[PDB]
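Here is how names work: the chains are called A, B, and so on, in the same order as the sequence lines, proteins then strands, and each is numbered from 1.
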Amino acid sequence: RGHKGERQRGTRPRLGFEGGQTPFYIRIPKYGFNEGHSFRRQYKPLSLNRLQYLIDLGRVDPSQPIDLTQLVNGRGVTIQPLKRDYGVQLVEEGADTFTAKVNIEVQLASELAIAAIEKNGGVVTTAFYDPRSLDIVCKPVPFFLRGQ
Amino acid sequence: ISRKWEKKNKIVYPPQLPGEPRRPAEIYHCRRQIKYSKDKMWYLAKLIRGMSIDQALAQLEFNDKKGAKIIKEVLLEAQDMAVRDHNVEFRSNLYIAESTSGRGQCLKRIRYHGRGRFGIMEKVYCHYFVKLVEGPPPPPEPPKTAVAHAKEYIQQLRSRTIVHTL
Amino acid sequence: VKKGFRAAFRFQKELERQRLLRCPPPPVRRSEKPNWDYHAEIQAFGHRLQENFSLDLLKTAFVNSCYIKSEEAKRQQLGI
Amino acid sequence: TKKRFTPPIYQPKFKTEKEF
Amino acid sequence: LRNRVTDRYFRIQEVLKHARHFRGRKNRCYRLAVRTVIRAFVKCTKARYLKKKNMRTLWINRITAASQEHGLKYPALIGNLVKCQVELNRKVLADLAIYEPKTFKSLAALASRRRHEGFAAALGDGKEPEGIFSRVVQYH
Amino acid sequence: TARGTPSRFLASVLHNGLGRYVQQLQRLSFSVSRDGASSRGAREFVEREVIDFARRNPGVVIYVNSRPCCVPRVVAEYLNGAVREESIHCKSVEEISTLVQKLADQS
Amino acid sequence: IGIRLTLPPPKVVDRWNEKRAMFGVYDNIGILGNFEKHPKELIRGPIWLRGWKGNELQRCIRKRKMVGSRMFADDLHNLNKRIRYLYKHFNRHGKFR
Amino acid sequence: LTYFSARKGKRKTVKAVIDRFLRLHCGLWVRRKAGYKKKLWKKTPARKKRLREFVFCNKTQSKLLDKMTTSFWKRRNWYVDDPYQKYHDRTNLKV
Amino acid sequence: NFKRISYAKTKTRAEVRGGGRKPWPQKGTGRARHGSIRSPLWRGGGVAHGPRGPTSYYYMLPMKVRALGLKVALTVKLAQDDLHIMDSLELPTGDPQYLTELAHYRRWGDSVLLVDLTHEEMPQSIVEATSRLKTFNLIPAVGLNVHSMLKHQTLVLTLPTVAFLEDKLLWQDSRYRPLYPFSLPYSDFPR
RNA sequence: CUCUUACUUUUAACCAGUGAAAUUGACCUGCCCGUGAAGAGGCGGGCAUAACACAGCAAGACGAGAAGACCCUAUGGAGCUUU
RNA sequence: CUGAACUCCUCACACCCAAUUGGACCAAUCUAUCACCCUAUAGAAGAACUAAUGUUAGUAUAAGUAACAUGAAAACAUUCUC
RNA sequence: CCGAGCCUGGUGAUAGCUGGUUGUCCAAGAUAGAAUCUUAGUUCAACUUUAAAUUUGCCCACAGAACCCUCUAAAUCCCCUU
RNA sequence: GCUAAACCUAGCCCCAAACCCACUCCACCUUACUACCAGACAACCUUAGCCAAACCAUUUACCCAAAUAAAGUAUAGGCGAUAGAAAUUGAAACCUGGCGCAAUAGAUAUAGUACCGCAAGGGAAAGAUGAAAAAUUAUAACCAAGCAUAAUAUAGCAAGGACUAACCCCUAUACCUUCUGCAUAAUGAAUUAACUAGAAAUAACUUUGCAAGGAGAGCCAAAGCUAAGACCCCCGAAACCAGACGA
Ligand SMILES: [K+]
Ligand SMILES: [K+]
Ligand SMILES: [K+]
Ligand SMILES: [K+]
Ligand SMILES: [K+]
Ligand SMILES: [K+]
Ligand SMILES: [K+]
Ligand SMILES: [K+]
Ligand SMILES: [K+]
Ligand SMILES: [K+]
Ligand SMILES: [K+]
Ligand SMILES: [K+]
Ligand SMILES: [K+]
Ligand SMILES: [Mg+2]
Ligand SMILES: [Mg+2]
Ligand SMILES: [Mg+2]
Ligand SMILES: [Mg+2]
Ligand SMILES: [Mg+2]
Ligand SMILES: [Mg+2]
Ligand SMILES: [Mg+2]
Ligand SMILES: [Mg+2]
Ligand SMILES: [Mg+2]
Ligand SMILES: [Mg+2]
Ligand SMILES: [Mg+2]
Ligand SMILES: [Mg+2]
Ligand SMILES: [Mg+2]
Ligand SMILES: [Mg+2]
Ligand SMILES: [Mg+2]
Ligand SMILES: [Mg+2]
Ligand SMILES: [Mg+2]
Ligand SMILES: [Mg+2]
Ligand SMILES: [Mg+2]
Ligand SMILES: [Mg+2]
Ligand SMILES: [Mg+2]
Ligand SMILES: [Mg+2]
Ligand SMILES: [Mg+2]
Ligand SMILES: [Mg+2]
Ligand SMILES: [Mg+2]
Ligand SMILES: [Mg+2]
Ligand SMILES: [Mg+2]
Ligand SMILES: [Mg+2]
Ligand SMILES: [Mg+2]
Ligand SMILES: [Mg+2]
Ligand SMILES: [Mg+2]
Ligand SMILES: [Mg+2]
Ligand SMILES: [Mg+2]
Ligand SMILES: [Mg+2]
Ligand SMILES: [Mg+2]
Ligand SMILES: [Mg+2]
Ligand SMILES: [Mg+2]
Ligand SMILES: [Mg+2]
Ligand SMILES: [Mg+2]
Ligand SMILES: [Mg+2]
Ligand SMILES: [Mg+2]
Ligand SMILES: [Mg+2]
Ligand SMILES: [Mg+2]
Ligand SMILES: [Mg+2]
Ligand SMILES: [Mg+2]
């Protein structure tokens, strides 16, 4: 523990205190980096590489309409409605090698991601789910056990 | 508390052989919880060590200390006990082999001082132990003479080796 | 009273050493003590000395008249 | 200098009352 | 679970066994003995240096005495014995003085002879050949 | 310390080595538990080492006694009457071999 | 002084009593039982410590929350004081910041 | 800092930090320069441009800011059209 | 340890009876300074850093790890010739001596763990014999655990139990990460 | 007071009985000069020195007693006064 | 010539810096399983005291020291002195 | 023990101040500064410790680093080789 | 050889479960424990302060009716210290147990008694045979300090090196704390026994599991994730405030 002072006796100042000099974390001006962070919509990205990989392994079935439930049931995406996730955004990564024909319902889709699915004969739709609806569609069974 | 001194008069030795020297009788007696100091009692016990039973009784009869009467009482019952229960032929043929005092169980009391202060006073008790051995009192040691000193000095000179060598 | 057995056992061993030291036991023959095989001891005796003894002669050399006379007295006492 | 007095403290009585 | 030391007695006896021959209360009172026992052990450790030092001092005193009996000073004996390639150390030299006095006189005579040869050489200008006992045996 | 302990002069037993050398170790008594874990190293010493050690020392009578014990011990006895007890608790086979050999060489 | 002069009574332990013999049985109640029951449900003890762990401050807060309303007056006062003391210790005192 | 909250027994976030600093997921912290809105009439354009920069913090400051915030603030976020999305992950960084 | 709850508790200096007042003035008495008679330095005082129970030791190894441990215990028993497979646990009699003699003749060790598929369908004969024994213990398959397997020298499994244990333990190797507790309905679980 | 003296009582000392308190790191506990955390029974150089009581004395043990009350320090208190 | 813990010599080698920091072991206790004249592998914890004018108890030192107490004779009746 | 009583409680008040801080063994280990109602303390540097990564570190050859002004200083910086 | 030493019970602690609550006759709110007379008074009403903010002045967590999760998020604040939700989510629940204490422990407890205080109030200490004591001439001894058995012989931190030999010779300035530096004539300590002081997050590291997934709903994830191991003492003021008790 050392010898005398505050530190041997366990009475040293709080974390952030600098001995009386205006502390670093206070002398920096306030700026709205994080203002409104908890009301910002978030979308879990789903790349065309990931989508094709899930189809090739049988984890997602392209013969039926694909939506959030099928993606969650295949463990393709993990959605967190309590963390202000509003669904999945389809991202263009993997467009060159995308070969599957799919009917897929997402929340956001980039221009190039839409082109990849449509070039291969598939349909892509952008669908909105509210926080409550997202919870139900992602995990239907827990909802059905509520009796509502 | 310990009471081993009273158990030493209960040791039965085996019968002696025809050619063995007659074993002297040993009688252990003590008095417990005497209201007197062991420090003061030590002086009286010291006085009679090595004395004959009769010489010890004479010295104690004319001592002014309170312990002298107590020790004299113990010595007399030990002498009576030696002849009655220990097969000692002559009551005068006894000498003090051991005589010592011990600490007894003491009591604590308050002694009052001025200014509201106090001290703790101990009400002192002691034990007295005596051993009587049958026979004449052992003779005192002759003072070491000049011949003995010279003999011892020369003996040390003759035991002197060359140190730290072969 | 403190919990445990080890400390008490260790103290018992020391109390037994002091008891023995205060009253040293009377000495006895090594043969009477444990771990003794007379025939093995006889053979080792010769080997230590690097001597090729005859085991019949060597055993007789140790037998003394006093041991024979006493051995017979014990036999008579037991009616054997 | 302010008067300083320390009063005596008596010990419990029983500690000096035990008998055989 | 409340744990208490149960074998403190033995821990105390480890120190006190080394303090039995001490004087006073520090032979039985742990608080006192432990400090004195530590000091005893440190003294025992450092004494190993003094033992060697004192032994050599003793040998030099004894060699000095023996040399003076033959009219030689200690440095003259030791120095000249080395020049004769006699590598006897001081321990043996002291032993020889006590138990082999005739050999020691021979060594004293040899040193004295070698010492005189040194003087003769120093006084000469190189004309003289090396002394008989001054010749050094070379090794390779 | 030296002042706190006894001392003796360098000596031998019956002028050993003068006319002939006589090994002073006379007897070895082992006590090895059958099941005790502490005696594991002592059991392995009795299986492969003790027999070969006895061949080399025919003047030493070795007594191996298997009995329940928490602390296995070897007791060495010498011709001069000295008795030495050395614990082999939890010692390896190699460690026991070294100890037993040291006892054989001591006077 | 300070060490007993006699051996304590020998310790008799029955290693094959029913409690020891059946220790552990049903610890895999969930893995082997279709997960109908969690192993934590086998834990018996205070209602505020079943299947939960925390430091002394956390245990104190949890107990006051769950059973504080049923505690005896003197016990509840001591608990409130303990929570205050521990709050000060962990949040203000120590070597690390 | 509150290491163990009285109600939940959980470590708390210093909200003064949240108001001033942006944390990138890579572990970097971004701040503004002190005085960037003060007495601009007496400051040169070069100085004023330096003051407008969004700058990174050093290791020691970053470690302090990490301790003064809970794990929630260090999670990976996917805000739509986030200006700082690119800066979350480092590239070609050797040690 | 996971289900251990320690009930040990001591009183701090704040909980020991009394101790409010300062025992004597700070200065002037010549004695050491003290604020309370219940300080941990005092006889009868509080405990400085004693147990503060009841104290829980609960924690959970990952489900996969606890499953793997069971696999290792079964393999070790088989590899060391301590595992015996039975067609059924039906005995000819309910006398415990028969089962004891059977184990001795078959060299089954001092203790034997008997595992049946289900508690309800255990044969009455084996139930009677084991109920009267101490080292022969009968458990259902759902009760199997590493501790019991290690405590008992021999493990005896019925053939239905073997099929039961393979299904449950191998399910852990091929399963998805959970979306919600496995107690809730899934497409293909249970069975 | 110069300038003290004598006697009585108490205390005192000896014998007998009873029997406290502060104090105490351990002590086999000398003097001189020198040295040194700057004033030494304990270190250096000298000198002195069989062992152990009792009665006096107060130069030293920086003697005992009270965590200096003077002084300064503490982002320690309190009383009082005030534009 | 004397003269170290410098260096050499025979053998061995982790084995001489405060705060601080890293590491290897370990007494006793309880629990699991061993063991069975006192142990082993692990798991736990009120887990180690030559010092806090520390707390409690015992006993020393000072010290048999300071201090304390009963007028006299007698037949214990009584009288005498103050 | 009244510059403001006593008791209990808040209370384990607080104390950058003094004191104390318990088994064995080995190892590395001394010190530019800045700010602070701050200089009996803290935080950042610096130093020190452990782990990890991969590449130079130290010692230094020439050549090279100011005029103004008095001591035309001892030296430093940079630096391949070694 | 004394003084002493040693012991295993009394009970106690933490949970679970269960709602809880007494009584012979007589006396007892006046000066309680006092057989028997003219009254009429009547309860309610924000805690404060220590402390933290390194002063302090706004401010500074205190069960309030479901574990978990949402979340230390929204939000509050000398926007400092710090304080801190809700919507929503939704689990289990078989008293008779203990890696709790064993006479300085565990309740203060043999007892709120003795004792202390005018009062409010403060508040102890301790016991130990055996199957039988209608076996008490009985159950051994051995162990702290202190003493006794047994005072002492030049010289000196009391030992070490030694030695034929205790001492004589040689070497050697107690310990802890505190300091630039202590034999210091700086602190603490008569001694024995017992008691008496390092509590945890954030990350990181190490060793398993599984792996673009991990985790037994929540969370994290651009090799991660889950589990475990491993780091943060004791005693002490003068004060401040609330409610009682005292002329
Ligand atoms: K803290
Ligand atoms: K912000
Ligand atoms: K006169
Ligand atoms: K004086
Ligand atoms: K100080
Ligand atoms: K300060
Ligand atoms: K203040
Ligand atoms: K009590
Ligand atoms: K001084
Ligand atoms: K000083
Ligand atoms: K002083
Ligand atoms: K000190
Ligand atoms: K009045
Ligand atoms: Mg300190
Ligand atoms: Mg300091
Ligand atoms: Mg009075
Ligand atoms: Mg030399
Ligand atoms: Mg209190
Ligand atoms: Mg108070
Ligand atoms: Mg206080
Ligand atoms: Mg207590
Ligand atoms: Mg006088
Ligand atoms: Mg007198
Ligand atoms: Mg003092
Ligand atoms: Mg001087
Ligand atoms: Mg002195
Ligand atoms: Mg003084
Ligand atoms: Mg002072
Ligand atoms: Mg102030
Ligand atoms: Mg060297
Ligand atoms: Mg070396
Ligand atoms: Mg051990
Ligand atoms: Mg402890
Ligand atoms: Mg102690
Ligand atoms: Mg103390
Ligand atoms: Mg005197
Ligand atoms: Mg007097
Ligand atoms: Mg008088
Ligand atoms: Mg008053
Ligand atoms: Mg404090
Ligand atoms: Mg080093
Ligand atoms: Mg300022
Ligand atoms: Mg400074
Ligand atoms: Mg270079
Ligand atoms: Mg403040
Ligand atoms: Mg809610
Ligand atoms: Mg008690
Ligand atoms: Mg003794
Ligand atoms: Mg000397
Ligand atoms: Mg100074
Ligand atoms: Mg010095
Ligand atoms: Mg001093
Ligand atoms: Mg001071
Ligand atoms: Mg910790
Ligand atoms: Mg105030
Ligand atoms: Mg204040
Ligand atoms: Mg008030
Ligand atoms: Mg009046």
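You'll find the side chain of B:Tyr125 reaches within 4.5 Å of the side chain of D:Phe20, heavy atoms only. A 4.5 Å side-chain heavy-atom check between G:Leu86 and H:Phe4 finds every atom pair outside the cut-off. Here the side chains of C:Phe11 and E:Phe10 are in contact, with some heavy-atom distance below 4.5 Å. A heavy-atom distance below 4.5 Å is not found between the side chains of D:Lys15 and B:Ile120.
The number of heavy-atom neighbours closer than 6.0 Å to CZ of E:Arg20, taken from other residues, nucleotides and ligands shown, is above 12. In G:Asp74, the CG atom is not crowded: 12 or fewer heavy atoms of neighbouring residues, nucleotides or ligands sit closer than 6.0 Å.
In this structure, B:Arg111 fails the cation-pi test against B:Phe118, since its NZ or CZ atom is not both closer than 6.0 Å to the six-membered ring centre and inside 45 degrees of the ring normal. Both tests pass for C:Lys13 against the ring of C:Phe9: distance under 6.0 Å to the centre and angle within 45° of the axis. Both the sub-6.0 Å distance and the 45° axial angle are not jointly satisfied by I:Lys3 relative to the ring of I:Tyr58. A cation-pi geometry, defined here as NZ or CZ lying under 6.0 Å from the six-membered ring centre and within 45° of its normal, holds between I:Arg31 and I:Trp24.
Under the 3.5 Å distance criterion, the side-chain polar atoms of I:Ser39 are left unmatched by any main-chain donor or acceptor of I:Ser36. G:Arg92 contributes no side-chain N or O that, together with a main-chain N or O of A:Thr11, makes up a donor-acceptor pair within less than 3.5 Å.
Checked against a 6.0 Å centroid threshold, the rings of B:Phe129 and B:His29 do not count as neighbours. Ring centroid separation for the pair G:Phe96 and H:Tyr3 does not come in under the 6.0 Å cut-off. Checked against the 6.0 Å centroid criterion, the rings of A:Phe24 and H:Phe21 qualify as a close aromatic pair. Within the 6.0 Å centre-distance limit, the rings of I:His34 and I:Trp42 are counted as a close aromatic pair. Ring centroids of I:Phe2 and I:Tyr57 are separated by 6.0 Å or more, keeping the two rings apart.
Looking at G:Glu56 and G:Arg82, a side-chain N of the basic residue comes within less than 4.0 Å of a carboxylate O on the acidic one, giving a salt bridge. In summary, B:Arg103 and B:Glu122 engage in a salt bridge, as defined by a charged side-chain N under 4.0 Å from a carboxylate O. Look at B:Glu73 and B:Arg31 and you find a salt bridge, because one of the NZ, NE, NH1 or NH2 atoms lies within 4.0 Å of a carboxylate O, short of that distance. A:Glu6 has no carboxylate O lying under 4.0 Å from a charged side-chain N of G:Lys95, or vice versa, which leaves the two without a salt bridge.
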### Task
Assess whether salt bridge (charged side-chain N to carboxylate O under 4.0 Å, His left out) is satisfied between E:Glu14 and E:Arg11, documenting all intermediate values.
CA-CA 5 Å; E:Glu14 289 179 352; E:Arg11 305 178 189 206; over 6 Å; no

### Task
Show your working on salt bridge (charged side-chain N to carboxylate O under 4.0 Å, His left out) between I:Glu15 and I:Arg52 and close with a plain yes or no.
CA-CA 12 Å; I:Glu15 299 156 346; I:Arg52 293 302 294 177; 2.9 Å; yes

### Query
Please walk me through it: do E:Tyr9 and C:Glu14 pass side chain to side chain donor-acceptor pair (under 3.5 Å)?
CA-CA 11 Å; E:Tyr9 170 90; C:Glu14 184 178 1; 3.0 Å; yes

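Interatomic distance, NZ of B:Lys7 versus CZ of B:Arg3, reported as 11.0 Å (0.5 Å rounding).
Using cut-offs of 30° and 60° for the angle between ring planes, the G:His89 and G:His93 rings count as parallel.
Between H:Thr13 and the options H:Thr2, H:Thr69, H:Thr70, a side chain to side chain donor-acceptor pair (under 3.5 Å) holds for only H:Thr70.
For the 3.5 Å distance criterion, the side chains of A:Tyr25 and H:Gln61 fail to qualify, holding no donor opposite an acceptor.
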